$ cat protein.pdb   # PDB, C-alpha atoms
ATOM      1  CA  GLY A  40      -1.287 -16.954  -4.963
ATOM      2  CA  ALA A  41      -0.901 -14.174  -2.391
ATOM      3  CA  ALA A  42      -3.241 -13.241   0.449
ATOM      4  CA  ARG A  43      -3.854  -9.724  -0.919
ATOM      5  CA  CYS A  44      -4.917 -11.275  -4.234
ATOM      6  CA  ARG A  45      -7.533 -13.426  -2.448
ATOM      7  CA  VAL A  46     -10.714 -12.370  -0.663
ATOM      8  CA  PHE A  47      -9.852 -10.848   2.756
ATOM      9  CA  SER A  48     -11.198 -12.782   5.753
ATOM     10  CA  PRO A  49      -9.693 -14.903   8.599
TER      11      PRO A  49
ATOM     12  CA  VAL B  31     -10.557  21.891 -11.655
ATOM     13  CA  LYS B  32     -10.365  18.205 -12.618
ATOM     14  CA  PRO B  33      -7.445  15.977 -13.637
ATOM     15  CA  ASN B  34      -7.081  14.457 -17.096
ATOM     16  CA  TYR B  35      -5.095  11.275 -16.450
ATOM     17  CA  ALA B  36      -4.459   9.447 -19.714
ATOM     18  CA  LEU B  37      -2.970   6.003 -20.230
ATOM     19  CA  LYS B  38       0.730   6.100 -21.133
ATOM     20  CA  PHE B  39       2.054   2.555 -20.664
ATOM     21  CA  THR B  40       0.768  -0.923 -19.944
ATOM     22  CA  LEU B  41       3.423  -3.060 -18.248
ATOM     23  CA  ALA B  42       3.067  -6.811 -18.778
ATOM     24  CA  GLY B  43       5.222  -9.616 -17.422
ATOM     25  CA  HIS B  44       3.868 -10.818 -14.088
ATOM     26  CA  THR B  45       2.398 -14.306 -14.548
ATOM     27  CA  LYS B  46      -0.171 -14.116 -11.710
ATOM     28  CA  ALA B  47      -2.176 -11.334 -10.055
ATOM     29  CA  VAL B  48      -0.238  -8.211  -9.191
ATOM     30  CA  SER B  49      -0.552  -7.305  -5.504
ATOM     31  CA  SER B  50       1.004  -3.860  -5.059
ATOM     32  CA  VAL B  51       2.833  -1.086  -6.880
ATOM     33  CA  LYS B  52       4.967   1.613  -5.225
ATOM     34  CA  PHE B  53       7.002   4.485  -6.664
ATOM     35  CA  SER B  54      10.489   4.995  -5.273
ATOM     36  CA  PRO B  55      10.758   8.176  -3.153
ATOM     37  CA  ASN B  56      13.317   9.559  -5.631
ATOM     38  CA  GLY B  57      10.780   9.200  -8.470
ATOM     39  CA  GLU B  58      12.989   7.048 -10.721
ATOM     40  CA  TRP B  59      11.349   3.634 -10.292
ATOM     41  CA  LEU B  60       8.126   1.713  -9.912
ATOM     42  CA  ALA B  61       8.266  -1.558  -7.986
ATOM     43  CA  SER B  62       5.538  -4.187  -8.365
ATOM     44  CA  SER B  63       4.956  -7.308  -6.281
ATOM     45  CA  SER B  64       2.909 -10.276  -7.397
ATOM     46  CA  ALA B  65       1.268 -13.540  -6.478
ATOM     47  CA  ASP B  66       3.828 -14.979  -8.938
ATOM     48  CA  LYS B  67       6.489 -14.651  -6.130
ATOM     49  CA  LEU B  68       8.365 -11.883  -7.981
ATOM     50  CA  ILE B  69       9.220  -8.223  -7.604
ATOM     51  CA  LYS B  70       9.671  -6.255 -10.811
ATOM     52  CA  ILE B  71      11.373  -2.858 -11.195
ATOM     53  CA  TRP B  72      10.243  -0.518 -14.003
ATOM     54  CA  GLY B  73      11.257   2.946 -15.165
ATOM     55  CA  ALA B  74       8.744   5.462 -13.850
ATOM     56  CA  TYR B  75       8.911   7.765 -16.871
ATOM     57  CA  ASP B  76       9.456   5.415 -19.844
ATOM     58  CA  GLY B  77       7.720   2.282 -18.508
ATOM     59  CA  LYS B  78      10.821   0.265 -19.378
ATOM     60  CA  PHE B  79      11.297  -3.023 -17.537
ATOM     61  CA  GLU B  80      14.437  -2.855 -15.406
ATOM     62  CA  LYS B  81      14.747  -6.105 -13.482
ATOM     63  CA  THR B  82      13.153  -9.034 -11.671
ATOM     64  CA  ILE B  83      13.943  -9.692  -8.002
ATOM     65  CA  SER B  84      13.243 -13.206  -6.730
ATOM     66  CA  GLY B  85      13.699 -15.468  -3.730
ATOM     67  CA  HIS B  86      10.327 -15.695  -1.997
ATOM     68  CA  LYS B  87       8.944 -19.246  -2.054
ATOM     69  CA  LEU B  88       5.272 -18.174  -2.137
ATOM     70  CA  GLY B  89       3.452 -15.134  -3.482
ATOM     71  CA  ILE B  90       3.958 -11.551  -2.291
ATOM     72  CA  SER B  91       1.185  -9.291  -0.940
ATOM     73  CA  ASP B  92       3.126  -6.023  -0.494
ATOM     74  CA  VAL B  93       6.403  -4.256  -1.219
ATOM     75  CA  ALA B  94       7.783  -0.957   0.087
ATOM     76  CA  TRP B  95      10.763   1.346  -0.507
ATOM     77  CA  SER B  96      13.230   2.741   1.996
ATOM     78  CA  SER B  97      13.337   6.529   2.190
ATOM     79  CA  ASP B  98      16.607   6.682   0.205
ATOM     80  CA  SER B  99      15.178   4.392  -2.551
ATOM     81  CA  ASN B 100      18.040   1.914  -2.078
ATOM     82  CA  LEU B 101      16.163  -0.884  -0.298
ATOM     83  CA  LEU B 102      12.928  -2.760  -0.763
ATOM     84  CA  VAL B 103      10.998  -4.823   1.764
ATOM     85  CA  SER B 104       8.489  -7.479   0.695
ATOM     86  CA  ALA B 105       5.787  -9.376   2.618
ATOM     87  CA  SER B 106       5.006 -12.937   1.560
ATOM     88  CA  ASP B 107       2.643 -15.849   2.097
ATOM     89  CA  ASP B 108       5.807 -17.753   3.037
ATOM     90  CA  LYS B 109       5.432 -15.991   6.450
ATOM     91  CA  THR B 110       8.619 -13.939   6.004
ATOM     92  CA  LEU B 111       9.595 -10.509   4.864
ATOM     93  CA  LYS B 112      12.660  -9.960   2.732
ATOM     94  CA  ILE B 113      14.914  -6.898   2.618
ATOM     95  CA  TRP B 114      16.450  -6.414  -0.837
ATOM     96  CA  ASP B 115      19.259  -4.274  -2.199
ATOM     97  CA  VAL B 116      17.629  -2.820  -5.320
ATOM     98  CA  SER B 117      20.723  -2.117  -7.443
ATOM     99  CA  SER B 118      22.020  -5.683  -7.093
ATOM    100  CA  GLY B 119      18.773  -7.550  -6.474
ATOM    101  CA  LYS B 120      20.255  -9.552  -3.589
ATOM    102  CA  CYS B 121      18.237 -10.541  -0.561
ATOM    103  CA  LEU B 122      19.960  -8.788   2.331
ATOM    104  CA  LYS B 123      17.775 -10.097   5.137
ATOM    105  CA  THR B 124      14.959 -12.573   5.683
ATOM    106  CA  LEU B 125      12.657 -11.416   8.491
ATOM    107  CA  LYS B 126      11.293 -14.463  10.318
ATOM    108  CA  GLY B 127       8.834 -14.624  13.195
ATOM    109  CA  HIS B 128       5.328 -14.253  11.787
ATOM    110  CA  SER B 129       3.333 -17.484  12.060
ATOM    111  CA  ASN B 130       1.086 -16.821   9.022
ATOM    112  CA  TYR B 131       0.955 -14.808   5.789
ATOM    113  CA  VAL B 132       2.696 -11.438   5.945
ATOM    114  CA  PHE B 133       0.182  -9.057   4.358
ATOM    115  CA  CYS B 134       1.598  -5.533   4.585
ATOM    116  CA  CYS B 135       4.843  -3.719   5.250
ATOM    117  CA  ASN B 136       6.489  -0.284   5.417
ATOM    118  CA  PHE B 137       9.786   1.378   6.316
ATOM    119  CA  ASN B 138       9.843   4.249   8.748
ATOM    120  CA  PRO B 139      11.140   7.586   7.392
ATOM    121  CA  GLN B 140      14.506   7.063   9.095
ATOM    122  CA  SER B 141      14.466   3.626   7.382
ATOM    123  CA  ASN B 142      16.082   1.882  10.352
ATOM    124  CA  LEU B 143      12.763   0.149  11.121
ATOM    125  CA  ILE B 144      10.264  -1.943   9.196
ATOM    126  CA  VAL B 145       6.669  -2.454  10.339
ATOM    127  CA  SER B 146       4.706  -5.502   9.204
ATOM    128  CA  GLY B 147       1.209  -6.898   9.609
ATOM    129  CA  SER B 148       0.176 -10.495   9.223
ATOM    130  CA  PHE B 149      -2.705 -12.932   9.180
ATOM    131  CA  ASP B 150      -1.281 -14.019  12.527
ATOM    132  CA  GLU B 151      -3.075 -10.885  13.923
ATOM    133  CA  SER B 152       0.191  -9.267  15.066
ATOM    134  CA  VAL B 153       2.132  -6.172  14.063
ATOM    135  CA  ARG B 154       5.896  -6.621  14.119
ATOM    136  CA  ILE B 155       8.605  -3.964  14.317
ATOM    137  CA  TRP B 156      11.966  -5.068  12.889
ATOM    138  CA  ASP B 157      15.509  -3.681  12.911
ATOM    139  CA  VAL B 158      16.647  -3.164   9.315
ATOM    140  CA  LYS B 159      20.382  -3.524  10.031
ATOM    141  CA  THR B 160      20.212  -6.762  12.015
ATOM    142  CA  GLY B 161      16.960  -8.146  10.628
ATOM    143  CA  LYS B 162      15.817  -8.987  14.159
ATOM    144  CA  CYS B 163      12.277  -8.546  15.432
ATOM    145  CA  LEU B 164      12.360  -5.714  17.954
ATOM    146  CA  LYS B 165       8.704  -5.899  19.036
ATOM    147  CA  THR B 166       5.593  -8.027  18.516
ATOM    148  CA  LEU B 167       2.425  -5.990  19.085
ATOM    149  CA  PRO B 168      -0.732  -8.070  19.759
ATOM    150  CA  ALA B 169      -2.433  -5.484  17.614
ATOM    151  CA  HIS B 170      -5.704  -7.034  16.459
ATOM    152  CA  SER B 171      -8.076  -9.983  16.817
ATOM    153  CA  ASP B 172      -8.143 -10.764  13.074
ATOM    154  CA  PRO B 173      -5.816 -10.410  10.051
ATOM    155  CA  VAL B 174      -3.969  -7.093   9.795
ATOM    156  CA  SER B 175      -4.591  -5.388   6.446
ATOM    157  CA  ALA B 176      -2.243  -2.379   6.610
ATOM    158  CA  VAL B 177       0.600  -0.809   8.615
ATOM    159  CA  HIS B 178       1.995   2.685   8.072
ATOM    160  CA  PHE B 179       4.409   5.077   9.797
ATOM    161  CA  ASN B 180       3.706   8.786  10.158
ATOM    162  CA  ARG B 181       5.986  11.525   8.826
ATOM    163  CA  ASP B 182       8.596  11.289  11.604
ATOM    164  CA  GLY B 183       8.170   7.589  12.386
ATOM    165  CA  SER B 184       6.935   8.254  15.928
ATOM    166  CA  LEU B 185       3.525   6.642  15.254
ATOM    167  CA  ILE B 186       2.250   3.536  13.471
ATOM    168  CA  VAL B 187      -1.324   3.111  12.246
ATOM    169  CA  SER B 188      -2.690  -0.422  11.784
ATOM    170  CA  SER B 189      -5.987  -1.727  10.424
ATOM    171  CA  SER B 190      -7.613  -5.141  10.530
ATOM    172  CA  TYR B 191     -10.554  -7.294   9.494
ATOM    173  CA  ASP B 192     -11.511  -7.025  13.183
ATOM    174  CA  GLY B 193     -12.848  -3.561  12.280
ATOM    175  CA  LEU B 194     -10.362  -1.378  14.174
ATOM    176  CA  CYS B 195      -7.768   1.223  13.323
ATOM    177  CA  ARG B 196      -5.138   1.594  16.015
ATOM    178  CA  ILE B 197      -2.485   4.259  16.539
ATOM    179  CA  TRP B 198       0.670   2.963  18.245
ATOM    180  CA  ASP B 199       3.621   4.744  19.817
ATOM    181  CA  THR B 200       6.605   3.300  17.946
ATOM    182  CA  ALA B 201       9.138   3.607  20.767
ATOM    183  CA  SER B 202       7.019   2.103  23.557
ATOM    184  CA  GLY B 203       4.719  -0.105  21.486
ATOM    185  CA  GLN B 204       1.662   1.095  23.409
ATOM    186  CA  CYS B 205      -1.696   1.696  21.754
ATOM    187  CA  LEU B 206      -2.485   5.401  21.948
ATOM    188  CA  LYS B 207      -5.782   5.453  20.081
ATOM    189  CA  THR B 208      -8.416   3.028  18.801
ATOM    190  CA  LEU B 209     -10.862   4.280  16.172
ATOM    191  CA  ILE B 210     -13.654   1.922  17.118
ATOM    192  CA  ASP B 211     -16.699   3.087  15.188
ATOM    193  CA  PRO B 215     -17.062  -3.383   8.915
ATOM    194  CA  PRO B 216     -13.664  -4.941   8.155
ATOM    195  CA  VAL B 217     -10.986  -2.290   7.635
ATOM    196  CA  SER B 218      -9.056  -3.183   4.498
ATOM    197  CA  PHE B 219      -6.567  -0.305   4.299
ATOM    198  CA  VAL B 220      -5.257   2.624   6.317
ATOM    199  CA  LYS B 221      -2.482   5.191   6.004
ATOM    200  CA  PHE B 222      -1.467   8.537   7.471
ATOM    201  CA  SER B 223      -1.986  11.737   5.518
ATOM    202  CA  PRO B 224       1.253  13.347   4.276
ATOM    203  CA  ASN B 225       1.194  15.806   7.192
ATOM    204  CA  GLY B 226       0.371  13.033   9.682
ATOM    205  CA  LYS B 227      -2.724  14.741  11.105
ATOM    206  CA  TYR B 228      -5.287  12.507   9.373
ATOM    207  CA  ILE B 229      -5.732   8.870   8.459
ATOM    208  CA  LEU B 230      -7.375   7.488   5.331
ATOM    209  CA  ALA B 231      -9.194   4.238   6.072
ATOM    210  CA  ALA B 232     -10.927   1.901   3.627
ATOM    211  CA  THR B 233     -13.667  -0.434   4.854
ATOM    212  CA  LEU B 234     -15.211  -3.376   2.998
ATOM    213  CA  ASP B 235     -18.554  -1.569   2.743
ATOM    214  CA  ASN B 236     -17.441   0.327  -0.386
ATOM    215  CA  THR B 237     -16.294   3.305   1.679
ATOM    216  CA  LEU B 238     -13.188   5.421   2.243
ATOM    217  CA  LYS B 239     -13.018   7.785   5.218
ATOM    218  CA  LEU B 240     -10.725  10.639   6.184
ATOM    219  CA  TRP B 241     -10.402  10.777   9.982
ATOM    220  CA  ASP B 242      -9.013  13.238  12.487
ATOM    221  CA  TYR B 243      -7.690  10.451  14.708
ATOM    222  CA  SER B 244      -6.822  12.736  17.638
ATOM    223  CA  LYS B 245     -10.370  14.110  17.551
ATOM    224  CA  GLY B 246     -11.824  10.712  16.664
ATOM    225  CA  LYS B 247     -13.959  12.504  14.069
ATOM    226  CA  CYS B 248     -14.595  11.413  10.496
ATOM    227  CA  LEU B 249     -14.046  14.485   8.330
ATOM    228  CA  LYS B 250     -14.710  13.117   4.846
ATOM    229  CA  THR B 251     -16.271  10.077   3.201
ATOM    230  CA  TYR B 252     -15.581   8.952  -0.368
ATOM    231  CA  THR B 253     -17.931   6.528  -2.139
ATOM    232  CA  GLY B 254     -19.017   5.482  -5.627
ATOM    233  CA  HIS B 255     -16.430   2.720  -6.071
ATOM    234  CA  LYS B 256     -16.781  -1.003  -5.304
ATOM    235  CA  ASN B 257     -14.760  -2.415  -2.403
ATOM    236  CA  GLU B 258     -16.278  -5.434  -0.659
ATOM    237  CA  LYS B 259     -13.667  -8.208  -1.030
ATOM    238  CA  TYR B 260     -10.051  -7.030  -1.359
ATOM    239  CA  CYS B 261      -7.589  -4.848   0.547
ATOM    240  CA  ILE B 262      -7.258  -2.143  -2.098
ATOM    241  CA  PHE B 263      -4.619   0.554  -1.644
ATOM    242  CA  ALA B 264      -5.661   4.198  -1.449
ATOM    243  CA  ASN B 265      -3.547   7.307  -1.874
ATOM    244  CA  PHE B 266      -3.289  11.022  -1.324
ATOM    245  CA  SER B 267      -2.342  12.680  -4.627
ATOM    246  CA  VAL B 268      -0.533  15.947  -3.850
ATOM    247  CA  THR B 269       1.614  16.818  -6.876
ATOM    248  CA  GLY B 270      -1.221  18.653  -8.635
ATOM    249  CA  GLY B 271      -4.786  18.902  -7.430
ATOM    250  CA  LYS B 272      -5.385  17.427  -3.979
ATOM    251  CA  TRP B 273      -6.997  14.086  -4.790
ATOM    252  CA  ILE B 274      -7.912  10.809  -3.154
ATOM    253  CA  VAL B 275      -7.057   7.868  -5.435
ATOM    254  CA  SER B 276      -8.191   4.263  -5.119
ATOM    255  CA  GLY B 277      -8.595   1.060  -7.049
ATOM    256  CA  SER B 278     -12.001  -0.573  -7.299
ATOM    257  CA  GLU B 279     -13.559  -4.003  -7.748
ATOM    258  CA  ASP B 280     -15.391  -2.747 -10.863
ATOM    259  CA  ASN B 281     -11.969  -2.604 -12.636
ATOM    260  CA  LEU B 282     -11.703   1.221 -12.542
ATOM    261  CA  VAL B 283      -9.353   3.678 -10.883
ATOM    262  CA  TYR B 284     -11.351   6.252  -8.910
ATOM    263  CA  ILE B 285     -10.169   9.818  -8.270
ATOM    264  CA  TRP B 286     -12.056  12.107  -5.845
ATOM    265  CA  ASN B 287     -11.587  15.724  -4.847
ATOM    266  CA  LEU B 288     -10.314  15.464  -1.263
ATOM    267  CA  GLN B 289     -12.274  18.484   0.000
ATOM    268  CA  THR B 290     -15.538  18.235  -1.946
ATOM    269  CA  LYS B 291     -15.575  14.384  -2.070
ATOM    270  CA  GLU B 292     -16.861  14.519  -5.667
ATOM    271  CA  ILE B 293     -15.593  11.936  -8.121
ATOM    272  CA  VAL B 294     -13.416  13.833 -10.577
ATOM    273  CA  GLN B 295     -12.211  10.973 -12.754
ATOM    274  CA  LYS B 296     -12.568   7.259 -13.442
ATOM    275  CA  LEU B 297      -9.713   5.533 -15.275
ATOM    276  CA  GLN B 298     -10.894   2.679 -17.506
ATOM    277  CA  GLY B 299      -8.820  -0.039 -19.155
ATOM    278  CA  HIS B 300      -8.040  -2.677 -16.536
ATOM    279  CA  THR B 301      -9.821  -6.022 -16.953
ATOM    280  CA  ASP B 302      -9.865  -7.165 -13.309
ATOM    281  CA  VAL B 303     -10.007  -5.694  -9.805
ATOM    282  CA  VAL B 304      -7.607  -2.785  -9.499
ATOM    283  CA  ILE B 305      -5.904  -4.013  -6.324
ATOM    284  CA  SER B 306      -3.301  -1.283  -6.145
ATOM    285  CA  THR B 307      -2.632   2.345  -7.058
ATOM    286  CA  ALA B 308       0.323   4.625  -6.347
ATOM    287  CA  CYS B 309       0.985   8.324  -6.897
ATOM    288  CA  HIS B 310       4.351   9.586  -8.143
ATOM    289  CA  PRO B 311       6.115  11.885  -5.621
ATOM    290  CA  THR B 312       6.847  14.758  -8.022
ATOM    291  CA  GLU B 313       4.954  14.255 -11.311
ATOM    292  CA  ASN B 314       1.194  13.854 -11.832
ATOM    293  CA  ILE B 315       1.574  10.141 -12.554
ATOM    294  CA  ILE B 316      -0.551   7.258 -11.247
ATOM    295  CA  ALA B 317       0.397   3.596 -11.362
ATOM    296  CA  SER B 318      -2.414   1.038 -11.161
ATOM    297  CA  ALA B 319      -2.348  -2.752 -11.039
ATOM    298  CA  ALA B 320      -4.917  -5.523 -11.278
ATOM    299  CA  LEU B 321      -5.689  -9.147 -10.403
ATOM    300  CA  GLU B 322      -5.626 -12.537 -12.155
ATOM    301  CA  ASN B 323      -7.669 -11.717 -15.256
ATOM    302  CA  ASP B 324      -5.460  -8.709 -16.035
ATOM    303  CA  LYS B 325      -1.996  -9.107 -14.421
ATOM    304  CA  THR B 326      -0.811  -5.759 -15.832
ATOM    305  CA  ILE B 327       0.351  -2.415 -14.473
ATOM    306  CA  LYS B 328      -0.762   0.824 -16.116
ATOM    307  CA  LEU B 329       0.913   4.234 -15.859
ATOM    308  CA  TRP B 330      -1.299   7.306 -16.297
ATOM    309  CA  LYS B 331      -0.328  10.962 -16.551
ATOM    310  CA  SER B 332      -2.287  14.185 -16.067
ATOM    311  CA  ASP B 333      -1.584  17.886 -16.559
ATOM    312  CA  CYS B 334      -2.878  18.694 -13.061
TER     313      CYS B 334
END
$ encode --input "protein.pdb" --output "structure tokens"
Amino acid sequence: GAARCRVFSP
Amino acid sequence: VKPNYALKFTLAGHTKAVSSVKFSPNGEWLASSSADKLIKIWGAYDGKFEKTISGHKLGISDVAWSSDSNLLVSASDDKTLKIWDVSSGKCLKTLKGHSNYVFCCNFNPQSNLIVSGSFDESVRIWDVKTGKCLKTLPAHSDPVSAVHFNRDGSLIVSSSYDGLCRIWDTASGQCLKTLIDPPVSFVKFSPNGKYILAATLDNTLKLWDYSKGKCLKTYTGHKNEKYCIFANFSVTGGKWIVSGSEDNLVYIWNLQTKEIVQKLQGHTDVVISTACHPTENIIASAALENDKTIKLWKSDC
């Protein structure tokens, strides 16, 4: 995956 | 007056969620980046696939064009950025120094600098020619969702899950303004550089006078609680605000009245990214895992 394509949190 | 964007092309070929789409400044190309580790180049007017650019070892969260449309920069979960020569597809530089996912990136207008934001909570400024990190700004206390240069490259705006938007002097690296008033999932300067458009994960977009520290407009009606969805100023026809949504729609608002003027239906997952063509009334939109496609839309105004 890619971080933008996952839910945004620390 | 309202736009009448209509679907023109659906671009398939990414094998995981798309993360971002950007039109080249010269209007000829659309670039898309994906969780599938690839960049794809498409014709902006005919939708025709042009090429695949590869080399990142993990997925890509963002891609951006140089001002002359000759270079691309990509930000990856592999903790690097890559600078690519578009015509050849070769990786020209690998930008190393972030200690976690690189989330967002942009060239300055001069295109001698790249700005990047990362899960490592830092904003980095890089020299394009040498590929060396010029500055590491301890910008935020949580992941950085967006970084953007203003019209002359003298300022950078950053946003973060920590809830802040910060305006930075590019040359000195000093913070000149903090809009401290929810996680901020996107920010960018207005085309004239006087305003910033900030998305927060409470289903809200805001237009701010950052010098005044005053919120001038709020845009709502869409769903944005989970993802860092791109937003845009549309200036080729009517003056619109454009954004993806977590209800699988593209939303278009009148910038001044804040009314929703159109909702574009057809995507089957979160519309993570939208882009507005620099000269024609064309929108590109792109969506997550259940959809994996890019759609091009055109309007008469």
$ resolve_selection --input "protein.pdb" --expression "the PyMOL selection byres ((chain B) within 6 of (chain A))" --output "PDB file with C-alpha atoms, in the coordinates of the input"
ATOM      1  CA  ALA B  65       1.268 -13.540  -6.478  1.00  0.00           C
ATOM      2  CA  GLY B  89       3.452 -15.134  -3.482  1.00  0.00           C
ATOM      3  CA  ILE B  90       3.958 -11.551  -2.291  1.00  0.00           C
ATOM      4  CA  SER B  91       1.185  -9.291  -0.940  1.00  0.00           C
ATOM      5  CA  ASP B 107       2.643 -15.849   2.097  1.00  0.00           C
ATOM      6  CA  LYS B 259     -13.667  -8.208  -1.030  1.00  0.00           C
ATOM      7  CA  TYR B 260     -10.051  -7.030  -1.359  1.00  0.00           C
TER       8      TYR B 260
END
$ closest_residue --input "protein.pdb" --among "B:69, B:185, B:305, B:297" --to "residue 330 (chain B)" --atoms "all atoms listed in the file"
B:297
$ atom_distance --input "protein.pdb" --atom1 "CA of residue 94 (chain B)" --atom2 "CA of residue 229 (chain B)"
18.7 Å
$ atom_distance --input "protein.pdb" --atom1 "CA of residue 184 (chain B)" --atom2 "CA of residue 315 (chain B)"
29.0 Å
$ resolve_selection --input "protein.pdb" --expression "the PyMOL selection byres ((chain B and resi 147) around 7)" --output "MDAnalysis selection string"
chainID B and resid 132:135 146 148 152:154 174:177
$ atom_distance --input "protein.pdb" --atom1 "CA of residue 301 (chain B)" --atom2 "CA of residue 77 (chain B)"
19.5 Å
$ resolve_selection --input "protein.pdb" --expression "the PyMOL selection byres ((chain B and resi 190) around 9)" --output "PDB file with C-alpha atoms, in the coordinates of the input"
ATOM      1  CA  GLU B 151      -3.075 -10.885  13.923  1.00  0.00           C
ATOM      2  CA  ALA B 169      -2.433  -5.484  17.614  1.00  0.00           C
ATOM      3  CA  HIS B 170      -5.704  -7.034  16.459  1.00  0.00           C
ATOM      4  CA  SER B 171      -8.076  -9.983  16.817  1.00  0.00           C
ATOM      5  CA  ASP B 172      -8.143 -10.764  13.074  1.00  0.00           C
ATOM      6  CA  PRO B 173      -5.816 -10.410  10.051  1.00  0.00           C
ATOM      7  CA  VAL B 174      -3.969  -7.093   9.795  1.00  0.00           C
ATOM      8  CA  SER B 175      -4.591  -5.388   6.446  1.00  0.00           C
ATOM      9  CA  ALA B 176      -2.243  -2.379   6.610  1.00  0.00           C
ATOM     10  CA  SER B 188      -2.690  -0.422  11.784  1.00  0.00           C
ATOM     11  CA  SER B 189      -5.987  -1.727  10.424  1.00  0.00           C
ATOM     12  CA  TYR B 191     -10.554  -7.294   9.494  1.00  0.00           C
ATOM     13  CA  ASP B 192     -11.511  -7.025  13.183  1.00  0.00           C
ATOM     14  CA  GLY B 193     -12.848  -3.561  12.280  1.00  0.00           C
ATOM     15  CA  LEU B 194     -10.362  -1.378  14.174  1.00  0.00           C
ATOM     16  CA  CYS B 195      -7.768   1.223  13.323  1.00  0.00           C
ATOM     17  CA  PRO B 216     -13.664  -4.941   8.155  1.00  0.00           C
ATOM     18  CA  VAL B 217     -10.986  -2.290   7.635  1.00  0.00           C
ATOM     19  CA  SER B 218      -9.056  -3.183   4.498  1.00  0.00           C
ATOM     20  CA  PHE B 219      -6.567  -0.305   4.299  1.00  0.00           C
TER      21      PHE B 219
END
$ closest_residue --input "protein.pdb" --among "B:321, B:288, B:283, B:329" --to "residue 64 (chain B)" --atoms "all atoms listed in the file"
B:321
$ residues_around --input "protein.pdb" --residues "residue 104 (chain B)" --least-positions-apart "3" --cutoff "12 Å" --atoms "all atoms listed in the file" --output "NGL selection string"
(:A and (41)) or (:B and (49-52 or 61-65 or 67-70 or 83-86 or 88-96 or 101 or 107-116 or 121-125 or 131-137 or 144-147))
$ axis_aligned_box --input "protein.pdb" --around "region 103-109 of chain B" --padding-each-side "6 Å" --output "AutoDock Vina command-line options"
--center_x 6.8 --center_y -11.3 --center_z 3.6 --size_x 20.4 --size_y 24.9 --size_z 17.8
$ residues_around --input "protein.pdb" --residues "residue 33 (chain B)" --least-positions-apart "5" --cutoff "9 Å" --atoms "all atoms listed in the file" --output "list in words"
residues 270, 271, 285, 294, 295, 332, 333 and 334 of chain B
$ residues_around --input "protein.pdb" --residues "residue 150 (chain B)" --least-positions-apart "4" --cutoff "7 Å" --atoms "all atoms listed in the file" --output "PyMOL selection string"
chain B and resi 128-130+173
$ residues_around --input "protein.pdb" --residues "residue 187 (chain B)" --least-positions-apart "3" --cutoff "10 Å" --atoms "all atoms listed in the file" --output "JSON, numbers by chain"
{"B": [145, 176, 177, 178, 179, 180, 195, 196, 197, 198, 199, 200, 205, 207, 208, 220, 221, 222, 229]}
$ residues_around --input "protein.pdb" --residues "residue 248 (chain B)" --least-positions-apart "6" --cutoff "12 Å" --atoms "all atoms listed in the file" --output "list in words"
residues 209, 210, 211, 228, 229, 230, 231, 238, 239, 240, 241 and 242 of chain B
$ build_atoms --input "protein.pdb" --residues "chain A" --atoms "N, CA and C atoms" --output "compact mmCIF listing (two decimals), in the coordinates of the input"
# COMPACT_ATOMS: atom_id res chain seq x y z
N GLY A 40 -0.70 -18.27 -5.15
CA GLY A 40 -1.29 -16.95 -4.96
C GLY A 40 -0.64 -16.14 -3.86
N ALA A 41 -1.30 -15.05 -3.48
CA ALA A 41 -0.90 -14.17 -2.39
C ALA A 41 -2.16 -13.71 -1.67
N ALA A 42 -2.06 -13.54 -0.35
CA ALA A 42 -3.24 -13.24 0.45
C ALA A 42 -3.95 -11.97 -0.03
N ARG A 43 -3.19 -10.93 -0.42
CA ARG A 43 -3.85 -9.72 -0.92
C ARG A 43 -4.65 -9.98 -2.19
N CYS A 44 -4.24 -10.96 -2.99
CA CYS A 44 -4.92 -11.28 -4.23
C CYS A 44 -6.08 -12.24 -4.04
N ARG A 45 -6.38 -12.61 -2.80
CA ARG A 45 -7.53 -13.43 -2.45
C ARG A 45 -8.49 -12.59 -1.60
N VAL A 46 -9.74 -13.06 -1.50
CA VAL A 46 -10.71 -12.37 -0.66
C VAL A 46 -10.21 -12.32 0.78
N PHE A 47 -10.33 -11.14 1.40
CA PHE A 47 -9.85 -10.85 2.76
C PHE A 47 -10.84 -11.30 3.84
N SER A 48 -10.54 -12.41 4.50
CA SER A 48 -11.20 -12.78 5.75
C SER A 48 -10.29 -13.76 6.50
N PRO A 49 -10.49 -13.93 7.83
CA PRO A 49 -9.69 -14.90 8.60
C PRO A 49 -9.63 -16.29 7.96
